[PDB]
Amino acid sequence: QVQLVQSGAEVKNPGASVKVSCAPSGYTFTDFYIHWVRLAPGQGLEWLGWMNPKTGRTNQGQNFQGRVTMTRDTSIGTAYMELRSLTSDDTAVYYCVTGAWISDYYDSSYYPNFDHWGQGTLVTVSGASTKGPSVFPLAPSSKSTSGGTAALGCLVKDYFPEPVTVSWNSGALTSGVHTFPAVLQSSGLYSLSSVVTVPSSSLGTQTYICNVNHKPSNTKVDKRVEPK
């Protein structure tokens, strides 16, 4: 059972640096090359570099030279990649991966043989500042209120960074819940909506509450969504 354990999601301002760690387990850390790669929107898979954990010798992609540094602490079996002068181009998911076995007899540093992958580290580069959402009710129609079914929801507005999660009635209500992926607005803030379809015969008696969790700002709001 090999597992590559990476550090958690990071949010950075343009111009800042980020350092991601990777602690591989399930094999001997100094026996295999470590590579760093990323998946960035509209750029595909990009190779940052390789590091030999035995010697600390590294090589960087030519488009990363001068702004990425790879190091390791063998005493804790941990690899690090630091990327400097971040811009929106650097918003991506970064992966530590295992590469070829390290031999004294031949150079396999550049074998693109990535058997095992870390869980990925999201870095988001933005000038936006952390902010909890405003939560507004999306009331069911005056018209759908008549037996049958009605759609109602919560508008989770102007928050940063991702993610927010939404449940309904503390997770007691799951059937017919659709939470939409957030939109990233021109302000750099996100908004999303979550809607649930309920029998319209139920509106007014049965209480509907959307539970919005925005952990990055340490806020939760439980918002009642009522007719009218």
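Numbering starts at 1 and runs along the sequence shown.
Next item on the list: Give the stretch, out of 51-59 and 31-39, with the larger mean C-alpha temperature factor in the deposited entry.
Entry: 51-59 has the higher mean C-alpha B-factor.
Margin query: Highest mean C-alpha temperature factor of the two stretches 204-212 and 14-22, which is it?
Written below: Looking at the record's C-alpha B-factors, the answer is 204-212.
Notebook entry, point to check: When you compare the CA B-factors of 136, 105, 117, 80 as listed in the entry, which one comes out on top?
Noted result: By C-alpha B-factor in the record, 105 ranks first.
Note to self: For the CA B factor values reported in this entry, which option in 166, 68, 192, 172 has the top one?
What the structure shows: So the option with the highest C-alpha B-factor is 172.
Check: What third of its chain's C-alpha B-factors does residue 75 belong to: lowest, middle or highest?
Finding: For residue 75, whose C-alpha B-factor we compare with every modelled residue in the chain, the answer is the highest third.
Note to self: Taking only the Cα B-factors deposited for this chain, tell me whether residue 176 sits in the lowest, middle or highest third.
What the structure shows: Residue 176: CA B-factor falls in the highest third of its chain.
Checklist line | Ranked C-alpha temperature factor of residue 198 among modelled chain residues, by third | finding: For residue 198, the deposited C-alpha B-factor lands in the highest third.
Margin query: For the chain shown, is the CA B-factor of residue 188 in the lowest, middle or highest third of its modelled residues?
Written below: For residue 188, the deposited C-alpha B-factor lands in the middle third.
Notebook entry, point to check: By its CA B factor, does residue 153 count among the lowest, middle or highest third of the modelled residues in the chain?
Noted result: Within its chain, residue 153 is a lowest-third residue by C-alpha B-factor, going by the deposited values.
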